[PDB]
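Trainee: So that we are looking at the same thing, I have put the structure below in structure tokens.
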Amino acid sequence: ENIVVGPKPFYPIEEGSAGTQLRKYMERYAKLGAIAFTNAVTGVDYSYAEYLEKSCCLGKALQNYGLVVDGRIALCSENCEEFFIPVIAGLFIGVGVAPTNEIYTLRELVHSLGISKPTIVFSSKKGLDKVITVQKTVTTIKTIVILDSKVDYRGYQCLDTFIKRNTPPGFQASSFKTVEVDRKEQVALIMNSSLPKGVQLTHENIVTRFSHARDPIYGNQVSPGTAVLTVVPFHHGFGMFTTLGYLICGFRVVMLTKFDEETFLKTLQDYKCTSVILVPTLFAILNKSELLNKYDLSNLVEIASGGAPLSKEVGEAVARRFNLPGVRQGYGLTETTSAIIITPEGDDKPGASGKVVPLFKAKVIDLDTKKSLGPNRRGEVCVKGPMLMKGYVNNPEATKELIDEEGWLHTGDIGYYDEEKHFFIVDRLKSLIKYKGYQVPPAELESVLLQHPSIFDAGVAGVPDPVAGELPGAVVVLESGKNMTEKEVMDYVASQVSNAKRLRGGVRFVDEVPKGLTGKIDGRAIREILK
Ligand SMILES: Nc1ncnc2c1ncn2[C@@H]1O[C@H](COP(=O)(O)O)[C@@H](O)[C@H]1O
């Protein structure tokens, strides 16, 4: 009808499980002498050969430990260079992996691990306290392994100890064989979005991502040794599936845990990074930065973003500062594995999230009538393709509400496409501010607020009102030293937008705009601050 269809992929989906394909590629970069992971802050490298060997050795160890196909393990860790060893090993042996982050509240962690039910938890040092407390409630956790220590830590086996205690002394990594699985049925990963539900992704979902990752238009060209800088969380699909695609491509993954303006720029220079992937929050910092010029950034050819709405004006300004044509955006959901809309190489358009990825379909549906829309009409984005999740763990009800009777997943996101089939993502449906008969997107007002020289960060939500239903209000973080009044912010917004978008609900100044880990505004937190 009004359906938008993505092209055929350059590279067909290869045969084999997610683990078989990963080993195939990693083996190649291993012989080359390539480095897989670099911690930018400590300067610690892991070559592809060491990473491959530790993943194979861990795979054997887990089998010897007694884990069968369709068993479960989890991670609870902030970004560290060892993060993917349990992930890759799990994929090699057909055991489901549930990534969580150290930054979870205990309530989130008890609920998340309560759903996935892991036999072993690979924890970082910093996460150990929280994982010990989770174990008192989620009592099916037998073992905790410390991921980022070379020696045992507080009485818990470190990763090397567990491999050593669970492989024979004569075992060579090279004698290990990956397990073939039923691809469309085998759960590979249990993901949480940014109380969490368990999103089940299969080996088929993942091997499709691998095809996109190496696509010359929708991914990155294979080029071993090329350094990429990432600041995105690894436990989330944003970080999970960009990173796995980088390993397929042979890239050197430069990881930066805590963001810092000077460290960020030093890193880009010192590793001659070709590309950088960011959450939208960080653009605000780069647009204001006075330091850009004191660094050699001549090698940077691509700046990528995702996770949350990106101000088209801030994005353009940042592209201009780094002398690039545009920003490469990706858009997707945890439920669709990874990005299903991606900026095509050499087809940038300011404010667009990109175009439908190979093997996917997209449509925009009217909010009222559920009917398909032509270009330039806003509505709910729906998508269909082989990266749709298997379902939520033990939640058939929520699964049915998301994927309709015709196999279309309803994103809960509002957007539109233009005459050229470029997709623009506006905001989340649940976030629209219902001011009288208007539906006002907070992202549109956030953008205006971000263009202000005195405003570092902003967030917008609706405030209840007996007359109008909802009034747009904002929380605003000023640049250090700078100073503004509630009315100054309101007057500046009023001069730029139409009547309906005015900040009738007030402005409050805060230290930190409440946000999720991938950049999405916590509208509930802002409502409360404002009221
Ligand atoms: N490029 C993007 N532009 C606007 N919103 C995005 C973009 N990418 C992801 N999102 C938002 O993040 C959501 C998926 O994140 P998550 O719930 O953590 O799986 C999407 O439904 C969108 O609301």
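Going through the structure tokens in order, the chains are called A, B, and so on, while each chain numbers its residues from 1 and the ligands are numbered from 1 in the order shown.
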Just want the 9 Å neighbourhood of residue A:82, counted on only C-alpha atoms, with same-chain residues fewer than 2 positions away dropped. Output as a list in words.
Mentor: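 Using only C-alpha atoms, the neighbours found are residues 37, 46, 51, 79, 80, 84, 85, 86, 147 and 148 of chain A.
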Trainee: Around ligand 1, which protein and nucleic acid residues have at least one atom no more than 9 Å from it, if we count only C-alpha atoms and all ligand atoms? List them as a PyMOL selection string.
Mentor: chain A and resi 191-194+236-238+305-310+329-339+341-342+352-354+411-415+424-429+443+516-520
Trainee: For the contact check between stretch 185-288 of chain A and stretch 377-395 of chain A, emit one row per residue of stretch 185-288 of chain A within 8 Å, containing the shortest atom pair and the distance in Å rounded to one decimal, counting only C-alpha atoms, chain then rising number order, as a tab-separated table.
Mentor:
residue	atom	partner	partner_atom	distance
A:185	CA	A:390	CA	7.7
A:187	CA	A:390	CA	7.8
A:197	CA	A:392	CA	6.5
A:198	CA	A:393	CA	5.2
A:199	CA	A:392	CA	4.9
A:200	CA	A:390	CA	5.5
A:201	CA	A:389	CA	5.0
A:202	CA	A:390	CA	6.8
A:204	CA	A:386	CA	7.2
A:205	CA	A:387	CA	4.4
A:206	CA	A:387	CA	7.5
A:208	CA	A:387	CA	6.8
A:209	CA	A:387	CA	7.6
Trainee: Which residues come within 9 Å of stretch 490-498 of chain A, counting only C-alpha atoms, excluding same-chain residues fewer than 3 positions away, as an mmCIF file with N, CA, C and O atoms, in the first residue's frame?
Mentor:
data_model
loop_
_atom_site.group_PDB
_atom_site.id
_atom_site.type_symbol
_atom_site.label_atom_id
_atom_site.label_comp_id
_atom_site.auth_asym_id
_atom_site.auth_seq_id
_atom_site.Cartn_x
_atom_site.Cartn_y
_atom_site.Cartn_z
ATOM 1 N N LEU A 445 10.636 21.187 21.630
ATOM 2 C CA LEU A 445 10.946 22.258 22.569
ATOM 3 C C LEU A 445 12.325 22.117 23.210
ATOM 4 O O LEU A 445 13.006 23.121 23.458
ATOM 5 N N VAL A 448 14.937 23.772 20.701
ATOM 6 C CA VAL A 448 14.955 25.204 20.914
ATOM 7 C C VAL A 448 15.769 25.558 22.153
ATOM 8 O O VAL A 448 16.653 26.416 22.098
ATOM 9 N N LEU A 449 15.490 24.892 23.269
ATOM 10 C CA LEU A 449 16.203 25.188 24.506
ATOM 11 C C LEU A 449 17.705 24.904 24.401
ATOM 12 O O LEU A 449 18.517 25.605 25.010
ATOM 13 N N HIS A 452 20.189 27.576 22.954
ATOM 14 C CA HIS A 452 20.564 28.702 23.793
ATOM 15 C C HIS A 452 21.974 28.593 24.402
ATOM 16 O O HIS A 452 22.305 27.581 25.032
ATOM 17 N N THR A 485 16.793 33.576 34.524
ATOM 18 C CA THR A 485 15.561 33.547 35.299
ATOM 19 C C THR A 485 14.496 32.731 34.557
ATOM 20 O O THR A 485 14.561 32.586 33.327
ATOM 21 N N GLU A 486 13.526 32.204 35.311
ATOM 22 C CA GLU A 486 12.408 31.454 34.748
ATOM 23 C C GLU A 486 11.789 32.197 33.567
ATOM 24 O O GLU A 486 11.570 31.602 32.508
ATOM 25 N N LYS A 487 11.541 33.499 33.752
ATOM 26 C CA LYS A 487 10.898 34.340 32.741
ATOM 27 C C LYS A 487 11.768 34.597 31.511
ATOM 28 O O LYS A 487 11.243 34.739 30.416
ATOM 29 N N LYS A 501 3.073 25.934 21.724
ATOM 30 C CA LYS A 501 4.295 25.327 22.253
ATOM 31 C C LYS A 501 4.949 26.115 23.414
ATOM 32 O O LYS A 501 5.993 25.705 23.922
ATOM 33 N N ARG A 502 4.336 27.222 23.838
ATOM 34 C CA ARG A 502 4.882 28.068 24.909
ATOM 35 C C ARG A 502 4.942 27.353 26.236
ATOM 36 O O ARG A 502 4.059 26.570 26.554
ATOM 37 N N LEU A 503 5.977 27.636 27.021
ATOM 38 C CA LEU A 503 6.202 26.930 28.288
ATOM 39 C C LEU A 503 5.307 27.420 29.424
ATOM 40 O O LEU A 503 5.786 27.904 30.462
ATOM 41 N N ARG A 504 4.004 27.264 29.227
ATOM 42 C CA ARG A 504 3.015 27.702 30.201
ATOM 43 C C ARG A 504 3.158 27.016 31.558
ATOM 44 O O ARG A 504 2.722 27.555 32.569
ATOM 45 N N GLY A 506 5.862 26.359 33.291
ATOM 46 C CA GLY A 506 6.974 26.811 34.111
ATOM 47 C C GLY A 506 8.344 26.280 33.729
ATOM 48 O O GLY A 506 8.473 25.379 32.911
ATOM 49 N N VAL A 507 9.377 26.859 34.329
ATOM 50 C CA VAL A 507 10.753 26.390 34.160
ATOM 51 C C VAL A 507 11.360 26.191 35.547
ATOM 52 O O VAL A 507 11.164 27.017 36.437
#
Trainee: May I ask for the distance between atom CA of residue A:240 and atom CA of residue A:59, given in Å to one decimal place?
Mentor: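 These two atoms are separated by 19.0 Å.
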Trainee: Between A:313, A:226, A:18, A:456, which residue has the minimum interatomic distance to residue A:184, considering only C-alpha atoms?
Mentor: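 Smallest separation from residue A:184 among the options: A:18.
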Trainee: Need to verify the contact set: residue A:510, 8 Å, only C-alpha atoms, exclusion of same-chain residues closer than 2 positions in sequence. Can you return it as a PyMOL selection string?
Mentor: chain A and resi 475-477+508+512-513
Trainee: Write the selection just made, keeping C-alpha atoms, as a short mmCIF file (atom, residue, chain, number, x, y, z; two decimals), in the first residue's frame?
Mentor:
data_model
loop_
_atom_site.label_atom_id
_atom_site.label_comp_id
_atom_site.auth_asym_id
_atom_site.auth_seq_id
_atom_site.Cartn_x
_atom_site.Cartn_y
_atom_site.Cartn_z
CA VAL A 475 13.85 21.52 33.54
CA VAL A 476 16.98 23.46 32.58
CA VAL A 477 20.69 23.03 33.36
CA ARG A 508 12.86 24.87 36.95
CA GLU A 512 20.99 17.20 36.11
CA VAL A 513 18.16 16.54 33.65
#
Trainee: What's the separation between atom CA of residue A:511 and atom CA of residue A:231, in Å to one decimal place?
Mentor: 21.8 Å
Trainee: Using only C-alpha atoms, which of the listed residues (A:143, A:287, A:323, A:267) sits closest to residue A:230?
Mentor: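 So, comparing all the options, the nearest one is A:267.
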Trainee: Name the residues in contact with stretch 116-131 of chain A at a cut-off of 8 Å, using only C-alpha atoms, excluding same-chain residues fewer than 6 positions from it; report them as a list in words.
Mentor: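 That gives residues 71, 72, 73, 74, 75, 76, 77, 78, 86, 98, 102, 106, 138, 140, 141, 142, 143, 144, 145, 146, 147, 148, 149, 153, 190, 198 and 393 of chain A.
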Trainee: Could you save those same residues with C-alpha atoms as a PDB file, in the first residue's frame?
Mentor:
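Result written to again.pdb:
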ATOM      1  CA  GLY A  71      21.030 -22.560  29.829  1.00  0.00           C
ATOM      2  CA  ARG A  72      21.347 -18.983  31.122  1.00  0.00           C
ATOM      3  CA  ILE A  73      24.163 -16.738  32.269  1.00  0.00           C
ATOM      4  CA  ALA A  74      24.201 -13.034  33.045  1.00  0.00           C
ATOM      5  CA  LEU A  75      26.534 -10.076  33.238  1.00  0.00           C
ATOM      6  CA  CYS A  76      26.317  -7.173  35.616  1.00  0.00           C
ATOM      7  CA  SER A  77      28.958  -4.716  34.586  1.00  0.00           C
ATOM      8  CA  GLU A  78      29.639  -1.173  33.505  1.00  0.00           C
ATOM      9  CA  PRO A  86      30.994 -14.008  28.453  1.00  0.00           C
ATOM     10  CA  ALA A  98      21.407 -11.557  29.904  1.00  0.00           C
ATOM     11  CA  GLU A 102      26.172  -1.961  37.348  1.00  0.00           C
ATOM     12  CA  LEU A 106      18.843  -2.932  43.175  1.00  0.00           C
ATOM     13  CA  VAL A 138      17.145 -14.627  43.229  1.00  0.00           C
ATOM     14  CA  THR A 140      18.915 -19.751  41.701  1.00  0.00           C
ATOM     15  CA  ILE A 141      22.246 -17.979  41.173  1.00  0.00           C
ATOM     16  CA  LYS A 142      24.885 -20.600  41.938  1.00  0.00           C
ATOM     17  CA  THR A 143      28.120 -18.764  41.079  1.00  0.00           C
ATOM     18  CA  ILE A 144      29.463 -15.212  40.814  1.00  0.00           C
ATOM     19  CA  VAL A 145      32.557 -14.734  38.636  1.00  0.00           C
ATOM     20  CA  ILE A 146      34.593 -11.475  38.752  1.00  0.00           C
ATOM     21  CA  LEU A 147      35.087 -10.241  35.244  1.00  0.00           C
ATOM     22  CA  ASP A 148      37.622  -7.382  35.424  1.00  0.00           C
ATOM     23  CA  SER A 149      40.231  -8.668  37.911  1.00  0.00           C
ATOM     24  CA  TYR A 153      38.619 -10.819  44.560  1.00  0.00           C
ATOM     25  CA  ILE A 190      17.908 -11.443  26.961  1.00  0.00           C
ATOM     26  CA  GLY A 198      13.127  -9.656  29.240  1.00  0.00           C
ATOM     27  CA  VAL A 393      10.045 -13.856  28.642  1.00  0.00           C
TER      28      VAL A 393
END
Trainee: Looking at A:320, A:294, A:164, A:252, which one is nearest to residue A:62, with distances taken over only C-alpha atoms?
Mentor: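 So, comparing all the options, the nearest one is A:164.
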Trainee: Quick one: residues within 10 Å of residue A:311, only C-alpha atoms counted, chain neighbours fewer than 4 positions away excluded, as an MDAnalysis selection string?
Mentor: chainID A and resid 280:281 283:284 315:317 350:351 426 443:451
Trainee: Here is a test: counting only C-alpha atoms, which residue of A:272, A:421, A:266, A:165 is nearest to residue A:253?
Mentor: A:272
Trainee: If DSSP is run on the backbone, what residues of stretch 40-277 of chain A are alpha helix (DSSP H)? A reply as a ChimeraX atom specification would be ideal.
Mentor: /A:48-65,84-93,106-116,128-137,159-165,203-213,237-249,261-270
Trainee: Store the residues picked out above in a file with C-alpha atoms, as an mmCIF file, in the first residue's frame.
Mentor:
data_model
loop_
_atom_site.group_PDB
_atom_site.id
_atom_site.type_symbol
_atom_site.label_atom_id
_atom_site.label_comp_id
_atom_site.auth_asym_id
_atom_site.auth_seq_id
_atom_site.Cartn_x
_atom_site.Cartn_y
_atom_site.Cartn_z
ATOM 1 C CA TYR A 48 41.744 -10.435 18.610
ATOM 2 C CA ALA A 49 43.781 -13.597 19.317
ATOM 3 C CA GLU A 50 43.633 -13.204 23.090
ATOM 4 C CA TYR A 51 39.936 -12.259 22.970
ATOM 5 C CA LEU A 52 39.202 -15.240 20.719
ATOM 6 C CA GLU A 53 41.184 -17.631 22.902
ATOM 7 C CA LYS A 54 39.600 -16.457 26.171
ATOM 8 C CA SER A 55 36.104 -16.752 24.620
ATOM 9 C CA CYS A 56 36.809 -20.324 23.375
ATOM 10 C CA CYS A 57 38.340 -21.297 26.741
ATOM 11 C CA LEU A 58 35.339 -19.812 28.581
ATOM 12 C CA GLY A 59 32.987 -21.708 26.250
ATOM 13 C CA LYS A 60 34.676 -25.010 27.198
ATOM 14 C CA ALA A 61 34.669 -24.105 30.903
ATOM 15 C CA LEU A 62 30.911 -23.451 30.936
ATOM 16 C CA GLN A 63 30.231 -26.820 29.316
ATOM 17 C CA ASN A 64 32.465 -28.588 31.825
ATOM 18 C CA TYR A 65 30.662 -26.656 34.564
ATOM 19 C CA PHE A 84 32.187 -9.403 25.584
ATOM 20 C CA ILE A 85 34.070 -12.517 26.657
ATOM 21 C CA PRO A 86 30.994 -14.008 28.453
ATOM 22 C CA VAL A 87 28.759 -12.748 25.628
ATOM 23 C CA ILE A 88 30.817 -14.395 22.881
ATOM 24 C CA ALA A 89 31.331 -17.626 24.817
ATOM 25 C CA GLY A 90 27.583 -17.878 25.493
ATOM 26 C CA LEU A 91 26.971 -17.471 21.737
ATOM 27 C CA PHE A 92 29.573 -20.168 20.975
ATOM 28 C CA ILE A 93 27.800 -22.788 23.133
ATOM 29 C CA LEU A 106 18.843 -2.932 43.175
ATOM 30 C CA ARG A 107 15.111 -3.051 42.494
ATOM 31 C CA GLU A 108 15.732 -3.136 38.741
ATOM 32 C CA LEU A 109 18.421 -5.802 39.133
ATOM 33 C CA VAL A 110 16.353 -8.131 41.330
ATOM 34 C CA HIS A 111 13.524 -7.868 38.796
ATOM 35 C CA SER A 112 15.725 -8.170 35.676
ATOM 36 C CA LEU A 113 17.685 -11.206 36.926
ATOM 37 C CA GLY A 114 14.473 -12.557 38.446
ATOM 38 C CA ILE A 115 13.181 -12.853 34.886
ATOM 39 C CA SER A 116 16.236 -14.317 33.137
ATOM 40 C CA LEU A 128 29.792 -7.281 43.225
ATOM 41 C CA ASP A 129 27.960 -5.716 46.240
ATOM 42 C CA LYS A 130 24.695 -5.407 44.270
ATOM 43 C CA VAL A 131 24.977 -8.928 42.786
ATOM 44 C CA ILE A 132 25.568 -10.433 46.273
ATOM 45 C CA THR A 133 22.344 -8.739 47.421
ATOM 46 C CA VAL A 134 20.442 -9.903 44.366
ATOM 47 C CA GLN A 135 21.519 -13.470 45.176
ATOM 48 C CA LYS A 136 19.610 -13.356 48.515
ATOM 49 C CA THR A 137 16.323 -12.920 46.560
ATOM 50 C CA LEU A 159 37.504 -15.125 35.151
ATOM 51 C CA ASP A 160 40.933 -16.782 34.737
ATOM 52 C CA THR A 161 40.498 -18.828 37.890
ATOM 53 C CA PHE A 162 37.083 -20.114 36.736
ATOM 54 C CA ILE A 163 38.530 -21.110 33.321
ATOM 55 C CA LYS A 164 41.480 -22.795 35.064
ATOM 56 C CA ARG A 165 39.246 -24.618 37.583
ATOM 57 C CA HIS A 203 20.551 -16.222 16.521
ATOM 58 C CA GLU A 204 18.581 -15.302 13.397
ATOM 59 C CA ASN A 205 18.047 -11.746 14.718
ATOM 60 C CA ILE A 206 21.798 -11.476 15.329
ATOM 61 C CA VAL A 207 23.092 -12.916 12.033
ATOM 62 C CA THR A 208 20.857 -10.365 10.256
ATOM 63 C CA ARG A 209 22.521 -7.517 12.142
ATOM 64 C CA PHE A 210 25.886 -8.972 10.950
ATOM 65 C CA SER A 211 24.711 -8.540 7.364
ATOM 66 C CA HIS A 212 23.784 -4.862 8.025
ATOM 67 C CA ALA A 213 27.058 -4.195 9.913
ATOM 68 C CA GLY A 237 21.189 -3.061 22.354
ATOM 69 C CA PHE A 238 22.770 0.247 21.254
ATOM 70 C CA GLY A 239 26.160 -0.970 22.618
ATOM 71 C CA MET A 240 25.605 -4.679 22.170
ATOM 72 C CA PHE A 241 24.986 -4.625 18.406
ATOM 73 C CA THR A 242 27.237 -1.842 17.226
ATOM 74 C CA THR A 243 30.122 -3.555 19.081
ATOM 75 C CA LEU A 244 29.463 -7.053 17.711
ATOM 76 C CA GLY A 245 29.266 -5.562 14.210
ATOM 77 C CA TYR A 246 32.615 -3.825 14.796
ATOM 78 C CA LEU A 247 34.230 -7.191 15.682
ATOM 79 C CA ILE A 248 32.800 -8.638 12.449
ATOM 80 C CA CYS A 249 34.400 -5.665 10.628
ATOM 81 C CA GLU A 261 35.800 16.647 27.408
ATOM 82 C CA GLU A 262 39.615 16.662 27.375
ATOM 83 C CA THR A 263 39.918 12.840 27.579
ATOM 84 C CA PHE A 264 37.365 12.483 24.795
ATOM 85 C CA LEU A 265 39.414 14.730 22.454
ATOM 86 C CA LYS A 266 42.815 13.267 23.490
ATOM 87 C CA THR A 267 41.457 9.791 22.751
ATOM 88 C CA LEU A 268 40.170 10.749 19.262
ATOM 89 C CA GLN A 269 43.600 12.138 18.472
ATOM 90 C CA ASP A 270 45.832 9.482 20.118
#
Trainee: I want to know what sits within 8 Å of residue A:461, based on only C-alpha atoms, with residues of the same chain fewer than 5 positions away left out; could you give that as a ChimeraX atom specification?
Mentor: /A:431,433,442,472-474,523-524,526-527
Trainee: Write to file, as an mmCIF file, in the first residue's frame, the residues of the selection just made, with C-alpha atoms.
Mentor:
data_model
loop_
_atom_site.group_PDB
_atom_site.id
_atom_site.type_symbol
_atom_site.label_atom_id
_atom_site.label_comp_id
_atom_site.auth_asym_id
_atom_site.auth_seq_id
_atom_site.Cartn_x
_atom_site.Cartn_y
_atom_site.Cartn_z
ATOM 1 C CA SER A 431 5.383 11.769 25.731
ATOM 2 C CA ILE A 433 1.868 16.928 25.650
ATOM 3 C CA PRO A 442 8.850 17.598 24.041
ATOM 4 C CA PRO A 472 4.533 22.225 28.591
ATOM 5 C CA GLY A 473 7.117 22.789 31.292
ATOM 6 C CA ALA A 474 10.892 22.409 31.357
ATOM 7 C CA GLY A 523 9.116 12.471 31.715
ATOM 8 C CA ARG A 524 7.772 11.088 35.038
ATOM 9 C CA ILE A 526 10.318 15.911 35.339
ATOM 10 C CA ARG A 527 6.562 16.068 36.004
#
Trainee: May I ask which of the residues A:376, A:286, A:440, A:432 is the closest one to residue A:419, counting only C-alpha atoms?
Mentor: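 Comparing A:376, A:286, A:440, A:432 against residue A:419, the winner is A:376.
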Trainee: Identify, with DSSP run on backbone atoms, the residues in stretch 255-495 of chain A assigned to strand (DSSP E or B), and express the list as a ChimeraX atom specification.
Mentor: /A:255,275-278,302-305,328-332,339-342,354-356,361-365,372,379-384,391-392,403,409-417,423-428,433-435,438-440,455-465,469-478
Trainee: Quick one: distance from atom CA of residue A:14 to atom CA of residue A:180 in Å, one decimal?
Mentor: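 Spanning atom CA of residue A:14 to atom CA of residue A:180 is a straight-line distance of 13.5 Å.
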Trainee: Which one of A:455, A:151, A:13, A:4 sits closest to residue A:360 if you count only C-alpha atoms?
Mentor: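 Looking only at the distances to residue A:360, the closest residue turns out to be A:4.
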